[PDB]
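Here are two versions of the same chain, shown separately as structure tokens and labelled structure 1 and structure 2.
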Structure 1
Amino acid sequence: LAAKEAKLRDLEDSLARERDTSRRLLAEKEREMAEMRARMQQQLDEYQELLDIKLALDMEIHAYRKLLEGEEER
């Protein structure tokens, strides 16, 4: 115990210097991950918007083409 009491205290030192910095890093990843899951929904709406817009321009294109089926026929 002449140097065996300054070996159990430096073993509880890096079990608090590691365990904590792991949790501060885990929380960084998990903060960034929720920010990632966030950008994933902004996009799955921004797209779903543009899609239901594209379905309207395809409906107009058929009506402009049906208007053409008569106004361009012999």
Structure 2
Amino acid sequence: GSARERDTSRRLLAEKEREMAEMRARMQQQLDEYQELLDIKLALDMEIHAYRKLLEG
């Protein structure tokens, strides 16, 4: 009755939180890929700065 109501409520919301969990996971993955790209870009600009200064004098 209310046990049935509470069970159905628990299941429906757990299905909803699965779906949300997948989305966070997909989005986290995309953020991680973006982070890597920026990290590499910063590393490269630092390598370029240093290599520039090397060949100054």
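Only residues modelled in both forms are compared. Residue 1 is the first residue of structure 1, and the numbers go on in sequence order from there. So that the term is clear: the rigid core is the largest set of C-alpha atoms that superpose within 1.5 Å between two forms.
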With both forms fitted on the core, give yes or no for whether the Cα of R23 moves by 2 angstroms or more between structures 1 and 2. yes
Aligned on the rigid core, do the two forms place the Cα of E46 2 Å or more apart, comparing between structures 1 and 2? no
So, with the core fitted, how far does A34 move at its Cα between structures 1 and 2, in angstrom? 5.6
For residues common to both forms, which consecutive runs of 3 or more show C-alpha displacement of 2 Å or more between structures 1 and 2 upon rigid core superposition, listed in sequence order? 16-41
